[PDB]
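Trainee: Next up, upload-v1.txt (compact mmCIF, N, CA and C atoms and all ligand atoms).
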```txt
# COMPACT_ATOMS: atom_id res chain seq x y z
N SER A 1 100.86 -116.42 56.91
CA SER A 1 100.88 -117.81 57.43
C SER A 1 99.51 -118.45 57.25
N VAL A 2 99.44 -119.77 57.40
CA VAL A 2 98.16 -120.44 57.29
C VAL A 2 97.50 -120.37 58.66
N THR A 3 96.27 -119.84 58.69
CA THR A 3 95.53 -119.64 59.93
C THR A 3 94.10 -120.16 59.79
N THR A 4 93.82 -121.26 60.48
CA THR A 4 92.45 -121.72 60.59
C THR A 4 91.80 -120.97 61.75
N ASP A 5 90.51 -121.18 61.95
CA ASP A 5 89.82 -120.60 63.09
C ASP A 5 90.49 -121.06 64.38
N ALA A 6 90.95 -122.32 64.43
CA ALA A 6 91.62 -122.79 65.64
C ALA A 6 92.93 -122.06 65.91
N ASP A 7 93.58 -121.53 64.87
CA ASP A 7 94.75 -120.69 65.08
C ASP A 7 94.34 -119.31 65.57
N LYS A 8 93.19 -118.81 65.09
CA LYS A 8 92.78 -117.43 65.31
C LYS A 8 92.21 -117.22 66.72
N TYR A 9 91.45 -118.20 67.21
CA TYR A 9 90.68 -118.07 68.44
C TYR A 9 91.35 -118.83 69.58
N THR A 10 91.12 -118.37 70.81
CA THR A 10 91.75 -118.93 71.99
C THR A 10 90.68 -119.16 73.06
N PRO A 11 90.00 -120.33 73.02
CA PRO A 11 89.06 -120.68 74.07
C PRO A 11 89.83 -120.97 75.36
N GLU A 12 89.21 -120.60 76.47
CA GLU A 12 89.73 -120.80 77.81
C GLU A 12 88.79 -121.73 78.57
N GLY A 13 89.36 -122.55 79.44
CA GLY A 13 88.58 -123.51 80.19
C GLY A 13 88.10 -122.99 81.54
N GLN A 14 87.12 -123.70 82.07
CA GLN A 14 86.68 -123.55 83.45
C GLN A 14 86.10 -124.88 83.93
N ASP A 15 86.06 -125.05 85.25
CA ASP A 15 85.50 -126.26 85.84
C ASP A 15 84.06 -126.45 85.44
N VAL A 16 83.69 -127.73 85.37
CA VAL A 16 82.32 -128.16 85.18
C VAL A 16 81.92 -129.00 86.40
N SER A 17 80.72 -128.77 86.94
CA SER A 17 80.15 -129.62 87.97
C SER A 17 79.06 -130.50 87.37
N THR A 18 78.94 -131.71 87.89
CA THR A 18 77.82 -132.56 87.51
C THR A 18 77.52 -133.51 88.64
N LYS A 19 76.26 -133.96 88.72
CA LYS A 19 75.92 -134.99 89.67
C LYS A 19 76.26 -136.35 89.08
N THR A 20 76.60 -137.30 89.95
CA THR A 20 76.92 -138.65 89.52
C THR A 20 75.86 -139.18 88.55
N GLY A 21 76.34 -139.74 87.43
CA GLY A 21 75.47 -140.33 86.43
C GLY A 21 75.09 -139.37 85.30
N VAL A 22 75.26 -138.06 85.52
CA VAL A 22 74.70 -137.07 84.62
C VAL A 22 75.84 -136.53 83.76
N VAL A 23 75.70 -136.63 82.44
CA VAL A 23 76.68 -136.08 81.53
C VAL A 23 76.45 -134.57 81.43
N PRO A 24 77.44 -133.73 81.79
CA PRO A 24 77.26 -132.28 81.75
C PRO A 24 77.50 -131.75 80.35
N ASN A 25 77.09 -130.51 80.18
CA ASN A 25 77.16 -129.81 78.92
C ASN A 25 78.60 -129.35 78.68
N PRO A 26 79.33 -129.82 77.63
CA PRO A 26 80.72 -129.40 77.42
C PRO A 26 80.88 -127.91 77.15
N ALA A 27 79.84 -127.28 76.60
CA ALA A 27 79.87 -125.83 76.42
C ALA A 27 80.12 -125.11 77.75
N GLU A 28 79.68 -125.67 78.88
CA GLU A 28 79.85 -125.09 80.21
C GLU A 28 81.31 -125.03 80.62
N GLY A 29 82.15 -125.83 79.96
CA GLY A 29 83.57 -125.85 80.30
C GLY A 29 84.40 -124.81 79.54
N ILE A 30 83.75 -124.00 78.68
CA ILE A 30 84.42 -122.91 77.99
C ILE A 30 83.98 -121.60 78.63
N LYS A 31 84.97 -120.91 79.19
CA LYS A 31 84.75 -119.70 79.96
C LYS A 31 84.34 -118.52 79.07
N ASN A 32 84.89 -118.44 77.85
CA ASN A 32 84.82 -117.25 77.01
C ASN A 32 84.13 -117.56 75.67
N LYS A 33 82.96 -118.21 75.70
CA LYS A 33 82.25 -118.54 74.48
C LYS A 33 81.89 -117.31 73.65
N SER A 34 81.71 -116.15 74.28
CA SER A 34 81.33 -114.97 73.52
C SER A 34 82.43 -114.51 72.56
N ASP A 35 83.67 -114.98 72.74
CA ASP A 35 84.77 -114.57 71.90
C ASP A 35 84.81 -115.33 70.58
N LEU A 36 84.09 -116.44 70.52
CA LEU A 36 84.21 -117.40 69.44
C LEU A 36 83.14 -117.13 68.39
N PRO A 37 83.37 -117.57 67.12
CA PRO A 37 82.41 -117.30 66.05
C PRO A 37 81.02 -117.90 66.31
N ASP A 38 79.97 -117.28 65.75
CA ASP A 38 78.62 -117.82 65.90
C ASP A 38 78.55 -119.29 65.47
N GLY A 39 77.84 -120.11 66.27
CA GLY A 39 77.64 -121.53 65.95
C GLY A 39 78.89 -122.40 66.09
N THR A 40 79.93 -121.90 66.75
CA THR A 40 81.00 -122.75 67.25
C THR A 40 80.35 -123.89 68.04
N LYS A 41 80.89 -125.10 67.88
CA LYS A 41 80.34 -126.30 68.51
C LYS A 41 81.28 -126.82 69.60
N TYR A 42 80.67 -127.51 70.57
CA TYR A 42 81.37 -128.06 71.72
C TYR A 42 81.01 -129.53 71.87
N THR A 43 82.01 -130.35 72.16
CA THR A 43 81.81 -131.77 72.42
C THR A 43 82.85 -132.22 73.43
N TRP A 44 82.57 -133.34 74.09
CA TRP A 44 83.56 -134.02 74.90
C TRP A 44 84.46 -134.86 73.99
N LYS A 45 85.78 -134.83 74.25
CA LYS A 45 86.71 -135.62 73.45
C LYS A 45 86.48 -137.12 73.67
N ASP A 46 86.19 -137.49 74.92
CA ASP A 46 86.00 -138.86 75.39
C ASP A 46 84.77 -138.87 76.29
N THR A 47 84.19 -140.08 76.43
CA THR A 47 83.09 -140.36 77.33
C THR A 47 83.49 -139.92 78.73
N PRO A 48 82.87 -138.86 79.32
CA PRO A 48 83.18 -138.44 80.69
C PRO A 48 82.97 -139.59 81.67
N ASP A 49 83.89 -139.73 82.61
CA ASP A 49 83.83 -140.75 83.65
C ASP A 49 82.87 -140.31 84.75
N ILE A 50 81.57 -140.44 84.54
CA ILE A 50 80.63 -139.82 85.47
C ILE A 50 79.92 -140.85 86.35
N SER A 51 80.34 -142.12 86.35
CA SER A 51 79.60 -143.14 87.07
C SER A 51 79.87 -143.12 88.58
N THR A 52 80.96 -142.47 89.00
CA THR A 52 81.29 -142.33 90.42
C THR A 52 81.86 -140.94 90.68
N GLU A 53 81.87 -140.54 91.95
CA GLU A 53 82.43 -139.25 92.31
C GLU A 53 83.93 -139.17 92.00
N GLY A 54 84.38 -137.94 91.78
CA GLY A 54 85.80 -137.63 91.72
C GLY A 54 86.03 -136.40 90.86
N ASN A 55 87.30 -136.00 90.76
CA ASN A 55 87.75 -134.93 89.88
C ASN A 55 88.19 -135.58 88.58
N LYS A 56 87.33 -135.56 87.57
CA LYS A 56 87.58 -136.35 86.38
C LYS A 56 88.18 -135.46 85.30
N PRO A 57 89.37 -135.79 84.77
CA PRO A 57 89.94 -134.96 83.72
C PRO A 57 89.14 -135.19 82.45
N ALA A 58 88.86 -134.11 81.73
CA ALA A 58 88.17 -134.20 80.45
C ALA A 58 88.72 -133.14 79.50
N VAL A 59 88.31 -133.23 78.24
CA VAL A 59 88.74 -132.28 77.24
C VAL A 59 87.52 -131.83 76.43
N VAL A 60 87.30 -130.52 76.39
CA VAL A 60 86.31 -129.95 75.50
C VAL A 60 86.94 -129.77 74.13
N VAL A 61 86.30 -130.36 73.12
CA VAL A 61 86.67 -130.12 71.74
C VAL A 61 85.80 -128.97 71.24
N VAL A 62 86.47 -127.94 70.74
CA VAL A 62 85.84 -126.77 70.17
C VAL A 62 85.96 -126.90 68.66
N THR A 63 84.83 -127.04 67.96
CA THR A 63 84.84 -127.23 66.52
C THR A 63 84.29 -125.96 65.87
N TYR A 64 85.17 -125.29 65.12
CA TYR A 64 84.85 -124.00 64.55
C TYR A 64 84.09 -124.19 63.24
N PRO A 65 83.46 -123.12 62.72
CA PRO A 65 82.75 -123.23 61.45
C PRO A 65 83.58 -123.72 60.27
N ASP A 66 84.91 -123.52 60.31
CA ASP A 66 85.75 -123.94 59.21
C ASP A 66 86.16 -125.41 59.36
N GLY A 67 85.70 -126.09 60.42
CA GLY A 67 85.99 -127.50 60.63
C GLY A 67 87.26 -127.75 61.45
N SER A 68 88.06 -126.71 61.73
CA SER A 68 89.22 -126.85 62.59
C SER A 68 88.78 -127.00 64.04
N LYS A 69 89.63 -127.63 64.85
CA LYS A 69 89.32 -127.92 66.24
C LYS A 69 90.41 -127.43 67.19
N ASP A 70 89.94 -126.92 68.33
CA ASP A 70 90.77 -126.68 69.50
C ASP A 70 90.39 -127.69 70.59
N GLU A 71 91.30 -127.91 71.54
CA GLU A 71 91.05 -128.76 72.69
C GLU A 71 91.34 -127.98 73.96
N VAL A 72 90.43 -128.10 74.94
CA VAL A 72 90.54 -127.34 76.17
C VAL A 72 90.40 -128.32 77.33
N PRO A 73 91.50 -128.70 78.00
CA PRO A 73 91.40 -129.48 79.23
C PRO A 73 90.58 -128.78 80.31
N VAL A 74 89.74 -129.56 81.00
CA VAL A 74 88.99 -129.09 82.15
C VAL A 74 88.86 -130.23 83.15
N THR A 75 88.50 -129.86 84.38
CA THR A 75 88.12 -130.81 85.41
C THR A 75 86.59 -130.86 85.51
N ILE A 76 86.04 -132.08 85.48
CA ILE A 76 84.65 -132.32 85.81
C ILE A 76 84.59 -132.77 87.26
N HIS A 77 83.95 -131.96 88.11
CA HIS A 77 83.72 -132.33 89.50
C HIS A 77 82.43 -133.12 89.57
N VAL A 78 82.56 -134.43 89.81
CA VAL A 78 81.40 -135.31 89.87
C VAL A 78 81.10 -135.54 91.35
N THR A 79 79.88 -135.20 91.75
CA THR A 79 79.47 -135.30 93.13
C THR A 79 78.11 -135.97 93.21
N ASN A 80 77.90 -136.76 94.27
CA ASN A 80 76.59 -137.36 94.50
C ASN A 80 75.58 -136.28 94.92
CU CU A 101 98.92 -115.82 56.62
CU CU A 102 79.98 -135.85 97.61
NA NA A 103 93.18 -121.86 69.27
```
Translate the structure described by the file into structure tokens.
Mentor:
Amino acid sequence: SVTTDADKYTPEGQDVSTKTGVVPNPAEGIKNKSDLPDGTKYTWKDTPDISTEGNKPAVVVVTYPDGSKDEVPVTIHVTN
């Protein structure tokens, strides 16, 4: 079958905390980074809603060395 890195690897999510106003590190939202190939990249899919407190839904985009992408939903806990 056709298998990109995104087919091969299975990133898992975890909660991210951040203070209001502060954009957190999307890599922090991947629980099992050690399972993924060297130099795997992490980005937010969308601008995190960090201007006020709340449980903000976000998505970590995992971009593998072959250019394929996985998406991992997480909650950003934004607190003052
Ligand atoms: Cu195959
Ligand atoms: Cu608070
Ligand atoms: Na995957």
Trainee: Under the rule that only C-alpha atoms are counted, which of A:53, A:7, A:15, A:28 is the nearest residue to residue 78 in chain A?
Mentor: A:53
Trainee: Can I get the residues of chain A within 6.5 Å of ligand NA 103 (chain A), each with the closest pair of atoms and their distance in Å to one decimal, using only N, CA and C atoms and all ligand atoms, sorted chain first then ascending number, as a tab-separated table?
Mentor:
```
residue	atom	partner	partner_atom	distance
A:5	C	A:NA103	NA	5.6
A:6	C	A:NA103	NA	3.4
A:7	N	A:NA103	NA	4.4
A:8	N	A:NA103	NA	5.2
A:9	C	A:NA103	NA	3.6
A:10	CA	A:NA103	NA	4.2
A:11	N	A:NA103	NA	5.1
A:70	CA	A:NA103	NA	5.4
```
Trainee: Could you tell me, counting all atoms listed in the file, which protein and nucleic acid residues lie no more than 6 Å from ligand CU 101 (chain A), written as a ChimeraX atom specification?
Mentor: /A:1-3
Trainee: Once DSSP has gone over the backbone, tell me which residues of chain A are in helix (DSSP H, G or I), as a PyMOL selection string.
Mentor: chain A and resi 5-8+26-29+33-35
Trainee: Pick the closest to ligand CU 102 (chain A) from A:36, A:19, A:57, A:67: which is it, counting only C-alpha atoms and all ligand atoms?
Mentor: A:19
Trainee: Do a neighbour search on residue 65 in chain A at 7 Å with only N, CA and C atoms, toss out local chain neighbours closer than 4 positions, and write the hits as a ChimeraX atom specification.
Mentor: /A:5,37-41
Trainee: Could you check the closest approach to residue 18 in chain A for each of A:34, A:68, A:51, A:63 and tell me which residue wins, using only C-alpha atoms?
Mentor: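 Among the listed residues, A:51 lies closest to residue 18 in chain A.
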Trainee: To one decimal place, how far is atom C of residue 74 in chain A from atom C of residue 58 in chain A in Å?
Mentor: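 Atom-to-atom, atom C of residue 74 in chain A and atom C of residue 58 in chain A are spaced 4.7 Å apart.
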Trainee: In Å, how far is it from atom C of residue 21 in chain A to atom N of residue 69 in chain A?
Mentor: 27.7 Å
Trainee: Give the answer as one residue: which of A:76, A:45, A:54, A:17 has the shortest atom-to-atom distance to ligand CU 102 (chain A), using only N, CA and C atoms and all ligand atoms?
Mentor: A:54
Trainee: Any idea what the distance is between atom C of residue 26 in chain A and CA of residue 61 in chain A?
Mentor: 8.2 Å
Trainee: Take range 47-67 of chain A, bring it up to N, CA, C and O atoms, and give me the output as a short mmCIF file (atom, residue, chain, number, x, y, z; two decimals), keeping the file's coordinate frame.
Mentor:
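Just written: result-v1.cif:
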```cif
data_model
loop_
_atom_site.label_atom_id
_atom_site.label_comp_id
_atom_site.auth_asym_id
_atom_site.auth_seq_id
_atom_site.Cartn_x
_atom_site.Cartn_y
_atom_site.Cartn_z
N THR A 47 84.19 -140.08 76.43
CA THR A 47 83.09 -140.36 77.33
C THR A 47 83.49 -139.92 78.73
O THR A 47 84.45 -140.47 79.29
N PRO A 48 82.87 -138.86 79.32
CA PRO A 48 83.18 -138.44 80.69
C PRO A 48 82.97 -139.59 81.67
O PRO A 48 81.98 -140.30 81.58
N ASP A 49 83.89 -139.73 82.61
CA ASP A 49 83.83 -140.75 83.65
C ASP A 49 82.87 -140.31 84.75
O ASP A 49 83.31 -139.84 85.79
N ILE A 50 81.57 -140.44 84.54
CA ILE A 50 80.63 -139.82 85.47
C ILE A 50 79.92 -140.85 86.35
O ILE A 50 78.99 -140.50 87.06
N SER A 51 80.34 -142.12 86.35
CA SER A 51 79.60 -143.14 87.07
C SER A 51 79.87 -143.12 88.58
O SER A 51 79.11 -143.71 89.34
N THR A 52 80.96 -142.47 89.00
CA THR A 52 81.29 -142.33 90.42
C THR A 52 81.86 -140.94 90.68
O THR A 52 82.25 -140.23 89.75
N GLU A 53 81.87 -140.54 91.95
CA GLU A 53 82.43 -139.25 92.31
C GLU A 53 83.93 -139.17 92.00
O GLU A 53 84.67 -140.15 92.02
N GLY A 54 84.38 -137.94 91.78
CA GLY A 54 85.80 -137.63 91.72
C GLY A 54 86.03 -136.40 90.86
O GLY A 54 85.09 -135.85 90.31
N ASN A 55 87.30 -136.00 90.76
CA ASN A 55 87.75 -134.93 89.88
C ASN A 55 88.19 -135.58 88.58
O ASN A 55 89.28 -136.14 88.53
N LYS A 56 87.33 -135.56 87.57
CA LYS A 56 87.58 -136.35 86.38
C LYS A 56 88.18 -135.46 85.30
O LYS A 56 87.60 -134.43 84.95
N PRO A 57 89.37 -135.79 84.77
CA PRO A 57 89.94 -134.96 83.72
C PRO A 57 89.14 -135.19 82.45
O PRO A 57 88.77 -136.32 82.13
N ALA A 58 88.86 -134.11 81.73
CA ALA A 58 88.17 -134.20 80.45
C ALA A 58 88.72 -133.14 79.50
O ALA A 58 89.50 -132.28 79.90
N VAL A 59 88.31 -133.23 78.24
CA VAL A 59 88.74 -132.28 77.24
C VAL A 59 87.52 -131.83 76.43
O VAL A 59 86.83 -132.67 75.85
N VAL A 60 87.30 -130.52 76.39
CA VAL A 60 86.31 -129.95 75.50
C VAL A 60 86.94 -129.77 74.13
O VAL A 60 87.96 -129.08 74.00
N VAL A 61 86.30 -130.36 73.12
CA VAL A 61 86.67 -130.12 71.74
C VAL A 61 85.80 -128.97 71.24
O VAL A 61 84.57 -129.03 71.33
N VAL A 62 86.47 -127.94 70.74
CA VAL A 62 85.84 -126.77 70.17
C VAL A 62 85.96 -126.90 68.66
O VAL A 62 87.07 -126.86 68.14
N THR A 63 84.83 -127.04 67.96
CA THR A 63 84.84 -127.23 66.52
C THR A 63 84.29 -125.96 65.87
O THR A 63 83.12 -125.59 66.08
N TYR A 64 85.17 -125.29 65.12
CA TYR A 64 84.85 -124.00 64.55
C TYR A 64 84.09 -124.19 63.24
O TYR A 64 84.12 -125.27 62.65
N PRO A 65 83.46 -123.12 62.72
CA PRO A 65 82.75 -123.23 61.45
C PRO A 65 83.58 -123.72 60.27
O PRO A 65 83.03 -124.30 59.34
N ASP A 66 84.91 -123.52 60.31
CA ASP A 66 85.75 -123.94 59.21
C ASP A 66 86.16 -125.41 59.36
O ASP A 66 86.90 -125.90 58.53
N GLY A 67 85.70 -126.09 60.42
CA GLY A 67 85.99 -127.50 60.63
C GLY A 67 87.26 -127.75 61.45
O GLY A 67 87.50 -128.90 61.85
#
```
